[PDB]
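A short write-up of the structure that comes next.
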Amino acid sequence: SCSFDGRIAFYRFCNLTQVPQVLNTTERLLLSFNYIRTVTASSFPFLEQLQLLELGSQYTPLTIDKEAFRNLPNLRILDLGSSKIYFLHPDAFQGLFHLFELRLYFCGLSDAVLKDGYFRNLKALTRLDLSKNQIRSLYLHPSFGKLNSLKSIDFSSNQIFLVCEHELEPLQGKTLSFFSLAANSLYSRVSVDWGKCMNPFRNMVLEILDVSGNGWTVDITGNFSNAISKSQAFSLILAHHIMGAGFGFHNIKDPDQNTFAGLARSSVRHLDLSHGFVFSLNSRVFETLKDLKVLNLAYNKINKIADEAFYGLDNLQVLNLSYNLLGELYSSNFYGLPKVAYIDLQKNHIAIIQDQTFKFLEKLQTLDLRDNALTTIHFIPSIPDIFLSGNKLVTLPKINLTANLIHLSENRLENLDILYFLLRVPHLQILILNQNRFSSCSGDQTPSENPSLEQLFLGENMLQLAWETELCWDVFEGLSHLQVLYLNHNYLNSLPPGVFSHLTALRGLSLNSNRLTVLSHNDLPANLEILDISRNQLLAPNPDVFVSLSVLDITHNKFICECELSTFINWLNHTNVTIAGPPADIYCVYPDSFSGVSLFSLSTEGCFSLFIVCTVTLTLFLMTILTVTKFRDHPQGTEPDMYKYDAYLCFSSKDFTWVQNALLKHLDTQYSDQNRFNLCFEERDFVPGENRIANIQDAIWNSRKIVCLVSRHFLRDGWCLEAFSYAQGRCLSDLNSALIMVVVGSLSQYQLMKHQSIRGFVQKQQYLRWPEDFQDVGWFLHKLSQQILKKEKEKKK
Amino acid sequence: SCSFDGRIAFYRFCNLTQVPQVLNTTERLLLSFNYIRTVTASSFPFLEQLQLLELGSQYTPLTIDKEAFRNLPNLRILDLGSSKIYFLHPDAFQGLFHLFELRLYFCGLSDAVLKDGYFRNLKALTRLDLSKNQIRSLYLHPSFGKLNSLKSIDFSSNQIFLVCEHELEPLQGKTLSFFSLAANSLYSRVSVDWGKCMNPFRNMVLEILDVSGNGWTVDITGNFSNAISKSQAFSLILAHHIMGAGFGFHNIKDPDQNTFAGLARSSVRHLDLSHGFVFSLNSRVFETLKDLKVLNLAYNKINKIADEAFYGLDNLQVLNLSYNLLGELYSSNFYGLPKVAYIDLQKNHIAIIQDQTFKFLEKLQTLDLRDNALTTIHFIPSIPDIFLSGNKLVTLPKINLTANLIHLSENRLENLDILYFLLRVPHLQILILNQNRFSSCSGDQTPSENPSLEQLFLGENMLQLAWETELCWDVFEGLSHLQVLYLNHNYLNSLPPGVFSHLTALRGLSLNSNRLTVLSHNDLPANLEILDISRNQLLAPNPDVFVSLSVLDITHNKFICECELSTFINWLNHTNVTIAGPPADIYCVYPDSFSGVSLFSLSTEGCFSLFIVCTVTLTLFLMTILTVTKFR
Ligand SMILES: *[C@@H]1O[C@H](CO[C@@H]2O[C@@H](C)[C@@H](O)[C@@H](O)[C@@H]2O)[C@@H](O)[C@H](O)[C@H]1NC(C)=O
Ligand SMILES: *[C@@H]1O[C@H](CO[C@@H]2O[C@@H](C)[C@@H](O)[C@@H](O)[C@@H]2O)[C@@H](O)[C@H](O)[C@H]1NC(C)=O
Ligand SMILES: *[C@@H]1O[C@H](CO[C@@H]2O[C@@H](C)[C@@H](O)[C@@H](O)[C@@H]2O)[C@@H](O)[C@H](O)[C@H]1NC(C)=O
Ligand SMILES: *[C@@H]1O[C@H](CO[C@@H]2O[C@@H](C)[C@@H](O)[C@@H](O)[C@@H]2O)[C@@H](O)[C@H](O)[C@H]1NC(C)=O
Ligand SMILES: *[C@@H]1O[C@H](CO[C@@H]2O[C@@H](C)[C@@H](O)[C@@H](O)[C@@H]2O)[C@@H](O)[C@H](O)[C@H]1NC(C)=O
Ligand SMILES: *[C@@H]1O[C@H](CO[C@@H]2O[C@@H](C)[C@@H](O)[C@@H](O)[C@@H]2O)[C@@H](O)[C@H](O)[C@H]1NC(C)=O
Ligand SMILES: *[C@@H]1O[C@H](CO[C@@H]2O[C@@H](C)[C@@H](O)[C@@H](O)[C@@H]2O)[C@@H](O)[C@H](O)[C@H]1NC(C)=O
Ligand SMILES: *[C@@H]1O[C@H](CO[C@@H]2O[C@@H](C)[C@@H](O)[C@@H](O)[C@@H]2O)[C@@H](O)[C@H](O)[C@H]1NC(C)=O
Ligand SMILES: *[C@@H]1O[C@H](CO[C@@H]2O[C@@H](C)[C@@H](O)[C@@H](O)[C@@H]2O)[C@@H](O)[C@H](O)[C@H]1NC(C)=O
Ligand SMILES: *[C@@H]1O[C@H](CO[C@@H]2O[C@@H](C)[C@@H](O)[C@@H](O)[C@@H]2O)[C@@H](O)[C@H](O)[C@H]1NC(C)=O
Ligand SMILES: *[C@@H]1O[C@H](CO[C@@H]2O[C@@H](C)[C@@H](O)[C@@H](O)[C@@H]2O)[C@@H](O)[C@H](O)[C@H]1NC(C)=O
Ligand SMILES: *[C@@H]1O[C@H](CO[C@@H]2O[C@@H](C)[C@@H](O)[C@@H](O)[C@@H]2O)[C@@H](O)[C@H](O)[C@H]1NC(C)=O
Ligand SMILES: *[C@@H]1O[C@H](CO[C@@H]2O[C@@H](C)[C@@H](O)[C@@H](O)[C@@H]2O)[C@@H](O)[C@H](O)[C@H]1NC(C)=O
Ligand SMILES: *[C@@H]1O[C@H](CO[C@@H]2O[C@@H](C)[C@@H](O)[C@@H](O)[C@@H]2O)[C@@H](O)[C@H](O)[C@H]1NC(C)=O
């Protein structure tokens with residue numbers, strides 16, 4: 001099983017009938033590599049909370065009866081992969097109301113025609129997949145008309161030879177409906193129809209159109225381009241064929257001219273050539289298609305790049321050149337792409353990038369160069385974010401203010417390319433430097449000019465000898481990451497106190513996997529929440545302790561447990577458990593006799609054992625069964641009746657910003673995993689079956705208390721339903737702890753209409769107003785967590 | 001210190017001068033993560049029986065003087081790793097007579113040229129290593145001529161651009177000397193010399209030749225393959241480059257035909273492609289090389305294999321295909337490998353193996369398939385030994401007499417695959433079955449026909465309900481291993497006496513971690529030396545005792561130290577100390593007052609150290625209910 005109570009998997013166990021042992025709350029069920037064959041009615045009346053029900057995977061089903069999936073309303077998707085169904089029953093998929101996708105990969109369609117298909121009662125049917133089938137006719141059945149949510153379909157590996165006009169009637173029937181027609185993928189078609197009254201693709205807007213391998217020869221694939229004329233399609237991928245680019249080159253230099261002749265009239269926006277194995281890319285390829293807003297080239301082997309190659313693209317935006325470089329490069333790649341913005345040159349084998357490379361550009365706002373090249377920045381436009389990982393030594397950078405994001409992982413940098421790069425990016429926020437193997441660290445000429453520096457990781461790297469200078473002297477909110485910096489403790493003994501002096505808004509410093517001997521403590525910062533210290537050789541105490549410190553990781557370190565240092569072992573004990581890390585991962589090293597004991601067990605004695613270990617286990621057994629009772633909200637299971645909630649939160653819709661961020665989060669954070677402090681709502685947990693006013697009525701009985709949030713808006717339409725209820729039937733008295741008033745905002749007097757119950761709970765004056773200052777934020781949470789846990793007043797007098 | 005008197009290790013202690021506290025008999029000294037810098041004469045006149053003296057590891061040695069290692073004749077190896085020496089003194093390594101290997105990993109050679117090197121007085125110098133250096137010239141100094149014991153050297157991460165003929169003169173001087181030239185590994189070379197009177201590798205037999213990453217482009221690397229022509233090399237690894245196989249494919253389809261052109265003349269015997277990241281394996285790769293006596297493909301990612309893929313290999317023997325499977329498989333992989341014998345398909349991800357897989361084979365004598373596939377034996381030739389572990393349910397086996405060794409660990413077997421597989425292996429000797437989780441145990445249809453059965457371990461498994469039948473009725477010298485078999489004590493009561501009946505030449509039976517209630521004793525075997533009995537719930541004595549029993553393990557068991565069973569507690573005593581196990585690990589369980597006391601301390605009476613703790617625990621359990629309800 002993957003997850004307890006929810007996710008259960010059964011990967012090949014050879015069962016005959018379904019598994020009943022599973023619970024009814026199982027949301028993700030997986031039955032594959034098994035056999036059931038005959039699927040009779042009432043198959044799964046057990047589970048009713050399913051979503052991911054991957055049934056069909058080589059389950060070799062022979063037939064399918066009706067009422068198979070009747071008790072599966074919340075059924076999201078169903079994957080009938082590699083199945084062999086012969087008989088298809090009309091009312092088999094009945095009851096599936098929330099069915100979106102449906103994978104019918106190799107369902108064994110011996111009954112090719114889709115007319116007999118039964119996907120009419122599937123309105124939420126979005127992505128209906130049909131691959132590895134034997135469909136002969138592309139003729140869309142009238143049932144597609146009802147399919148409004150139908151967004152994508154993948155017709156691949158079927159058959160379909162001719163594509164008449166009459167086979168596209170339901171298409172023109174819908175005025176607004178996206179359609180990712182992924183047909184003609186790995187087929188054996190021959191010809192199609194053209195002309196007629198209206199072209200088969202005339203007055204028809206499609207989302208996506210794939211033609212991954214259509215014909216056998218270039219001569220028969222030209223007629224098809226004459227039928228796709230006058231068609232408004234977003235994308236159009238011509239993959240698995242084009243081995244070379246050019247004026248209009250595909251295979252043979254003679255019939256390759258009639259191809260672009262039909263796509264010239266149509267205004268193509270997106271053109272992709274993935275897995276096309278384009279060796280050479282001749283001069284001027286996309287010239288007829290200037291309306292190409294976005295292009296795509298994934299997994300290729302480009303080598304011929306002319307200065308007139310990308311010409312024609314007057315308005316390009318996106319362009320992913322993923323794995324298609326290597327084999328030298330020239331100067332000025334994109335000379336005709338001023339409006340370019342996003343480019344993805346991930347995973348390549350470029351040697352050395354020249355100076356003038358990213359010439360004639362301006363609107364470039366995102367440069368992703370993962371494992372691209374040796375990187376040489378000189379004429380790189382205003383790009384806010386850039387990714388440069390998996391590289392080597394980098395040369396002088398050249399960027400501007402616009403750069404607010406930048407990444408550098410798994411590299412080999414120096415103290416030059418980092419200084420100048422930061423000199424003009426005060427808008428920088430996130431920055432990463434993991435496993436860069438820093439060579440030399442300057443005194444203060446590397447991380448200069450960067451006030452808004454938020455994230456800054458310096459893990460796995462080396463410095464000039466050891467840390468002995470302050471680099472972060474201008475970084476206020478600098479969250480550093482010092483993981484194994486190979487720092488020699490000899491120079492760390494006289495560590496400059498002016499390093500952790502400027503840092504005032506530090507969230508947490510992580511000094512782990514390091515190699516120090518004396519753990520200095522400069523508690524100048526006051527916003528430090530954590531300090532990870534593990535895999536070290538520390539053994540030195542310090543009276544100076546931070547104020548906001550809470551979680552101090554100090555596990556697995558060379559601790560000397562003898563009579564020499566008794567002041568250090570004394571500090572860690574005085575710091576209570578509230579200020580310490582897992583005691584379980586702390587053992588003494590130096591001691592040969594005693595090895596594997598936590599510091600919170602060693603005896604502080606100055607330099608009969610069976611009695612010692614027998615008395616201490618008794619003293620342990622004297623307190624551990626005396627403090628768990630005392631130490632360990634109001635238990636719902638001990639309540640007289642059966643209440644489901646602790647407090648019903650009554651509020652307004654305009655004041656959701658507070659009830660959703662502060663109130664709920666501060667009352668749910670405690671005993672969250674224990675699910676003890678539950679809150680009743682009116683929109684999160686309701687009954688459609690029920691009435692508005694009464695929805696609150698039931699919430700009163702179920703909840704232990706009622707904590708409303710009176711406001712200048714809560715009176716406008718939140719009290720209009722409450723006051724009316726108090727008139728007829730009474731429930732909440734005056735001086736009872738059952739009701740708790742909370743004033744989030746001062747409410748005037750003119751707002752109060754003729755309601756007599758609103759001014760009744762204000763007369764008693766027992767509300768909990770929201771403090772204005774931030775220092776008072778806590779005294780409110782105290783009482784807000786008290787009055788509710790308070791025992792309700794009894795009925796007797 | 002690792003071992004008393006001999007092995008002492010000082011891992012990061014920060015000490016200027018060497019540790020004088022060590023003894024003279026210290027054979028293994030480890031001084032790393034420290035600092036000494038100036039190494040003056042008479043460094044270690046204390047220790048004189050050293051062998052493993054790893055000195056240099058980031059010890060940042062600035063300079064080195066003479067007479068440093070004078071008092072270290074028995075000094076075997078020295079590893080100066082990650083060091084930074086500037087000045088090299090000629091007579092620095094004097095006195096080393098038994099110095100074999102020498103690791104100079106990143107010694108910081110600011111004085112690149114090796115002419116200034118001083119390794120003449122080192123005759124025992126076998127494996128001289130020089131990695132991560134800055135050597136520019138491959139020119140071998142005349143000093144190599146004296147190095148007769150010089151077997152291997154690793155020239156990696158240096159510089160070396162051109163490899164002339166004149167840089168390979170000391171080689172031709174020696175008529176008999178193995179040399180594992182591991183040069184050109186991660187360099188930045190460009191070209192070499194060709195033609196001339198004689199080729200640079202003409203009339204020169206080498207043991208090993210590594211070229212892990214040489215050029216930058218396929219074009220410049222083709223010149224190198226034309227200079228290595230006519231060379232008698234035992235091995236030749238082309239690693240970290242070939243991302244695809246084929247008729248002679250490497251990178252670009254045009255300049256990859258001139259590669260095999262030069263290696264065609266030279267008769268290659270060993271060809272390895274480790275860490276090559278070979279994805280696709282086209283048809284017919286090694287065709288020009290038919291003299292390849294042995295092959296090797298370690299750490300690769302082979303998706304699919306063609307039928308004519310392994311074509312060309314006429315006389316193959318060894319073939320370690322370690323971690324390079326997954327991605328479906330076809331029928332008849334090695335159709336052209338009759339003479340193949342040893343193959344290593346360790347660590348792979350194969351779903352199911354077809355019927356006809358090991359077709360056209362015969363001289364296969366050792367099949368190692370550690371964590372290979374679901375294993376489906378059908379057309380397997382005469383293979384004496386085979387290793388099948390880290391697998392799942394195994395189907396009907398098909399082997400012959402030739403199989404004398406077989407292993408099965410960490411699996412899920414039944415009573416079918418073990419029966420038939422044993423029906424034709426009377427020559428079997430060793431057999432392991434640790435953690436196989438046996439499903440159903442047959443009465444006598446599983447361990448049949450196997451007289452020469454020597455080792456037979458049945459640790460961690462299950463049987464039909466419990467042990468209640470004699471399986472080893474034909475196994476004479478069968479050394480069983482019964483560790484935790486989940487045997488229910490209810491059926492163990494009527495344990496068939498005919499189980500330990502046939503077993504006469506038994507060395508020792510291990511009945512540990514089990515869960516029996518009564519310990520029976522059928523002393524029929526007269527050769528049983530030992531009988532491990534621990535982690536059980538036994539409490540039954542028996543007059544029948546073996547004769548050759550010496551060590552009887554009987555610790556950590558549910559023993560009832562009361563007045564009920566007095567005959568059992570009286571037996572373990574008469575059996576003397578010579579026939580017993582560690583009394584220290586024997587404590588009473590059932591009792592609550594008398595707890596934690598060895599059977600050889602209990603008194604036999606009819607119905608004082610561990611007594612005071614039983615009284616102080618009561619007094620503190622009485623004085624507590626008193627002062628708790630009062631305090632807080
Ligand atoms: C999973 O299925 C196992 C196999 O069930 C059947 O076993 C015999 C009787 C044959 O008829 C075979 O075709 C069947 O597959 C069960 O033993 C097992 O109990 C099942 N798991 C559950 C739900 O307990
Ligand atoms: C699993 O769920 C089964 C069906 O539960 C309910 O049955 C009736 C009472 C209706 O209220 C219906 O809406 C529900 O589906 C139970 O019969 C069964 O006891 C459950 N399994 C467990 C946990 O016992
Ligand atoms: C492309 O279409 C061309 C014209 O097809 C038909 O030719 C005659 C039979 C007319 O009467 C009418 O049916 C059409 O105009 C073909 O000559 C050519 O072969 C086609 N290309 C292919 C698919 O091979
Ligand atoms: C850039 O292109 C990326 C890859 O696109 C495709 O992803 C799948 C469907 C493959 O099977 C293959 O055909 C392509 O590689 C996208 O993930 C990314 O969204 C694209 N950039 C944009 C516009 O966001
Ligand atoms: C980076 O910015 C340089 C300076 O641009 C501006 O100069 C004057 C006009 C002021 O308005 C000032 O605030 C600006 O900083 C440009 O000269 C330079 O071309 C830019 N770098 C690039 C992308 O070439
Ligand atoms: C150790 O902890 C002592 C108690 O701290 C807290 O005291 C009140 C406010 C309670 O809410 C309680 O639960 C807490 O444990 C401190 O008085 C003492 O200063 C601490 N030791 C140190 C590090 O000085
Ligand atoms: C745990 O620490 C105990 C108390 O620590 C401190 O002792 C003195 C020096 C006081 O002035 C005050 O700071 C604290 O109360 C020790 O009594 C005890 O032995 C320690 N436990 C262990 C691990 O032995
Ligand atoms: C190990 O070395 C310890 C100290 O050695 C050095 O002492 C001075 C000269 C400083 O430069 C210091 O940084 C060095 O670490 C000794 O105290 C110790 O006794 C030595 N270990 C032994 C052999 O007992
Ligand atoms: C270690 O050995 C030192 C030298 O002892 C001997 O000196 C002359 C006589 C030679 O025969 C030489 O081979 C011998 O090693 C001693 O000074 C020293 O005490 C010894 N260390 C110990 C074990 O105390
Ligand atoms: C490989 O060698 C090519 C030409 O080989 C010879 O070069 C000199 C010695 C001439 O005088 C003549 O003997 C030959 O033509 C170069 O064209 C080629 O660039 C070299 N490979 C590299 C490093 O690119
Ligand atoms: C079979 O191959 C085994 C391991 O292969 C590799 O050995 C060396 C070169 C290392 O690079 C290692 O990482 C590899 O796994 C050998 O142990 C074995 O000797 C080879 N078979 C032979 C011929 O004996
Ligand atoms: C296993 O052995 C079978 C029998 O081989 C022999 O048959 C006659 C000729 C006698 O000489 C007898 O002693 C031998 O046992 C073969 O038929 C069979 O092919 C072998 N199994 C394999 C590897 O296919
Ligand atoms: C150890 O055992 C000694 C011998 O016990 C029995 O002596 C007679 C009565 C025979 O019947 C024979 O079966 C046994 O050997 C005791 O005398 C001695 O008390 C024992 N030691 C202890 C634990 O007290
Ligand atoms: C117990 O051992 C008795 C004699 O003890 C042995 O005495 C001498 C001769 C040495 O061999 C010494 O090692 C022995 O401990 C036997 O008389 C007696 O039969 C043994 N008890 C049993 C198990 O029957």
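As shown in the structure tokens, the chain order sets the letters A, B, ...; within each chain, residues go from 1, and ligands are also counted from 1 in the order they appear.
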- Task: Please identify every polymer residue within 10 Å of ligand 8, using only C-alpha atoms and all ligand atoms, and present the set as number ranges by chain.
- Result: A: 489-490; B: 10, 12-22, 34-36
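Within 9 Å of chain B, counting only C-alpha atoms, chain A contributes residues 327, 351, 611, 614, 615, 618 and 622 of chain A.
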For the selection you just gave me, I'd like the residues written to a file as an mmCIF file, in the first residue's frame, keeping N, CA, C and O atoms.
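Output file again01.cif follows:
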data_model
loop_
_atom_site.group_PDB
_atom_site.id
_atom_site.type_symbol
_atom_site.label_atom_id
_atom_site.label_comp_id
_atom_site.auth_asym_id
_atom_site.auth_seq_id
_atom_site.Cartn_x
_atom_site.Cartn_y
_atom_site.Cartn_z
ATOM 1 N N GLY A 327 28.234 20.834 -32.677
ATOM 2 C CA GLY A 327 28.752 20.949 -34.026
ATOM 3 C C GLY A 327 29.040 22.383 -34.431
ATOM 4 O O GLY A 327 28.654 22.808 -35.519
ATOM 5 N N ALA A 351 30.427 23.850 -27.544
ATOM 6 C CA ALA A 351 31.796 24.032 -27.067
ATOM 7 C C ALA A 351 31.993 25.396 -26.405
ATOM 8 O O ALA A 351 31.910 25.517 -25.180
ATOM 9 N N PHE A 611 23.167 -2.047 40.279
ATOM 10 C CA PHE A 611 22.276 -1.319 41.192
ATOM 11 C C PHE A 611 21.958 0.027 40.573
ATOM 12 O O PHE A 611 20.831 0.510 40.674
ATOM 13 N N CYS A 614 19.503 -0.267 37.918
ATOM 14 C CA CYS A 614 18.249 -0.811 38.431
ATOM 15 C C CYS A 614 17.439 0.248 39.172
ATOM 16 O O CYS A 614 16.213 0.177 39.259
ATOM 17 N N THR A 615 18.142 1.225 39.755
ATOM 18 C CA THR A 615 17.497 2.299 40.486
ATOM 19 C C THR A 615 17.052 3.397 39.516
ATOM 20 O O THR A 615 15.951 3.947 39.627
ATOM 21 N N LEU A 618 14.045 2.688 37.762
ATOM 22 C CA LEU A 618 12.932 2.740 38.691
ATOM 23 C C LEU A 618 12.491 4.189 38.856
ATOM 24 O O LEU A 618 11.300 4.493 38.986
ATOM 25 N N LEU A 622 9.160 5.864 37.663
ATOM 26 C CA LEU A 622 8.465 6.557 38.741
ATOM 27 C C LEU A 622 7.845 7.896 38.246
ATOM 28 O O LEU A 622 6.801 8.374 38.754
#
- Residues within 10 Å of ligand 9 should be enumerated using only C-alpha atoms and all ligand atoms and returned as an MDAnalysis selection string. chainID B and resid 20:26 45:49 71
Pull N, CA, C and O atoms from the residues just selected and write them as a PDB file, in the first residue's frame.
ATOM      1  N   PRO B  20      55.109  10.622  18.761  1.00  0.00           N
ATOM      2  CA  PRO B  20      56.152   9.749  19.299  1.00  0.00           C
ATOM      3  C   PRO B  20      55.587   8.659  20.204  1.00  0.00           C
ATOM      4  O   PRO B  20      56.270   7.677  20.479  1.00  0.00           O
ATOM      5  N   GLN B  21      54.349   8.835  20.666  1.00  0.00           N
ATOM      6  CA  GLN B  21      53.723   7.845  21.541  1.00  0.00           C
ATOM      7  C   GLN B  21      53.532   6.482  20.896  1.00  0.00           C
ATOM      8  O   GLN B  21      53.375   5.480  21.601  1.00  0.00           O
ATOM      9  N   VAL B  22      53.539   6.431  19.567  1.00  0.00           N
ATOM     10  CA  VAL B  22      53.361   5.159  18.860  1.00  0.00           C
ATOM     11  C   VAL B  22      54.503   4.181  19.197  1.00  0.00           C
ATOM     12  O   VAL B  22      55.543   4.597  19.698  1.00  0.00           O
ATOM     13  N   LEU B  23      54.291   2.910  18.918  1.00  0.00           N
ATOM     14  CA  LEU B  23      55.267   1.905  19.188  1.00  0.00           C
ATOM     15  C   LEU B  23      56.087   1.537  17.932  1.00  0.00           C
ATOM     16  O   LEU B  23      55.735   1.945  16.822  1.00  0.00           O
ATOM     17  N   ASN B  24      57.145   0.815  18.121  1.00  0.00           N
ATOM     18  CA  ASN B  24      58.018   0.400  17.016  1.00  0.00           C
ATOM     19  C   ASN B  24      57.425  -0.656  16.094  1.00  0.00           C
ATOM     20  O   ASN B  24      57.742  -0.751  14.928  1.00  0.00           O
ATOM     21  N   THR B  25      56.499  -1.458  16.656  1.00  0.00           N
ATOM     22  CA  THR B  25      55.872  -2.536  15.906  1.00  0.00           C
ATOM     23  C   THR B  25      54.662  -2.094  15.098  1.00  0.00           C
ATOM     24  O   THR B  25      53.964  -2.903  14.494  1.00  0.00           O
ATOM     25  N   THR B  26      54.408  -0.788  15.115  1.00  0.00           N
ATOM     26  CA  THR B  26      53.304  -0.214  14.379  1.00  0.00           C
ATOM     27  C   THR B  26      53.509  -0.474  12.895  1.00  0.00           C
ATOM     28  O   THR B  26      54.431   0.101  12.293  1.00  0.00           O
ATOM     29  N   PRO B  45      62.429   8.032  12.698  1.00  0.00           N
ATOM     30  CA  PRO B  45      63.415   7.008  13.083  1.00  0.00           C
ATOM     31  C   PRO B  45      62.854   6.120  14.181  1.00  0.00           C
ATOM     32  O   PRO B  45      63.529   5.191  14.635  1.00  0.00           O
ATOM     33  N   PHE B  46      61.628   6.411  14.602  1.00  0.00           N
ATOM     34  CA  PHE B  46      60.958   5.646  15.658  1.00  0.00           C
ATOM     35  C   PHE B  46      60.448   4.318  15.107  1.00  0.00           C
ATOM     36  O   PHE B  46      60.913   3.247  15.514  1.00  0.00           O
ATOM     37  N   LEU B  47      59.486   4.394  14.188  1.00  0.00           N
ATOM     38  CA  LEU B  47      58.900   3.211  13.570  1.00  0.00           C
ATOM     39  C   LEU B  47      59.825   2.697  12.479  1.00  0.00           C
ATOM     40  O   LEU B  47      60.356   3.470  11.686  1.00  0.00           O
ATOM     41  N   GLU B  48      60.018   1.380  12.441  1.00  0.00           N
ATOM     42  CA  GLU B  48      60.881   0.753  11.444  1.00  0.00           C
ATOM     43  C   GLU B  48      60.244  -0.515  10.886  1.00  0.00           C
ATOM     44  O   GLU B  48      60.860  -1.253  10.118  1.00  0.00           O
ATOM     45  N   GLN B  49      58.998  -0.754  11.281  1.00  0.00           N
ATOM     46  CA  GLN B  49      58.255  -1.932  10.827  1.00  0.00           C
ATOM     47  C   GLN B  49      56.961  -1.508  10.135  1.00  0.00           C
ATOM     48  O   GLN B  49      55.927  -2.187  10.236  1.00  0.00           O
ATOM     49  N   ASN B  71      64.889   5.245   7.563  1.00  0.00           N
ATOM     50  CA  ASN B  71      64.640   4.150   8.495  1.00  0.00           C
ATOM     51  C   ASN B  71      63.313   3.445   8.241  1.00  0.00           C
ATOM     52  O   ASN B  71      62.570   3.141   9.178  1.00  0.00           O
TER      53      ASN B  71
END
- When DSSP works through the backbone of this structure, what residues of region 574-626 of chain B end up as alpha helix (DSSP H), shown as a PyMOL selection string? chain B and resi 574+609-619+623-626
- Find the residues near ligand 2. Use a cut-off of 9 Å, count only C-alpha atoms and all ligand atoms, and write them as a PyMOL selection string. chain A and resi 22-25+45-48+71
Now that the selection is made, can you save its residues with N, CA and C atoms as an mmCIF file, in the first residue's frame?
data_model
loop_
_atom_site.group_PDB
_atom_site.id
_atom_site.type_symbol
_atom_site.label_atom_id
_atom_site.label_comp_id
_atom_site.auth_asym_id
_atom_site.auth_seq_id
_atom_site.Cartn_x
_atom_site.Cartn_y
_atom_site.Cartn_z
ATOM 1 N N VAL A 22 -10.165 -4.063 0.941
ATOM 2 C CA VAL A 22 -9.940 -2.617 0.876
ATOM 3 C C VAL A 22 -11.086 -1.845 1.545
ATOM 4 N N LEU A 23 -10.800 -0.631 2.021
ATOM 5 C CA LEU A 23 -11.825 0.178 2.674
ATOM 6 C C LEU A 23 -12.626 0.962 1.663
ATOM 7 N N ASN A 24 -13.781 1.468 2.093
ATOM 8 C CA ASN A 24 -14.631 2.248 1.211
ATOM 9 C C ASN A 24 -14.147 3.667 0.989
ATOM 10 N N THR A 25 -13.080 4.044 1.695
ATOM 11 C CA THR A 25 -12.546 5.395 1.549
ATOM 12 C C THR A 25 -11.340 5.418 0.618
ATOM 13 N N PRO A 45 -19.443 -2.456 -5.821
ATOM 14 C CA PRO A 45 -20.383 -1.680 -4.986
ATOM 15 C C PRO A 45 -19.752 -1.345 -3.641
ATOM 16 N N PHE A 46 -18.509 -1.775 -3.451
ATOM 17 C CA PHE A 46 -17.775 -1.528 -2.209
ATOM 18 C C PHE A 46 -17.243 -0.103 -2.165
ATOM 19 N N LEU A 47 -16.190 0.151 -2.940
ATOM 20 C CA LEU A 47 -15.561 1.462 -2.996
ATOM 21 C C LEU A 47 -16.473 2.424 -3.752
ATOM 22 N N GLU A 48 -16.646 3.626 -3.212
ATOM 23 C CA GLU A 48 -17.497 4.637 -3.841
ATOM 24 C C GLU A 48 -16.825 6.006 -3.850
ATOM 25 N N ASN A 71 -21.871 2.375 -9.074
ATOM 26 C CA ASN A 71 -21.572 2.977 -7.776
ATOM 27 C C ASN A 71 -20.233 3.712 -7.760
#
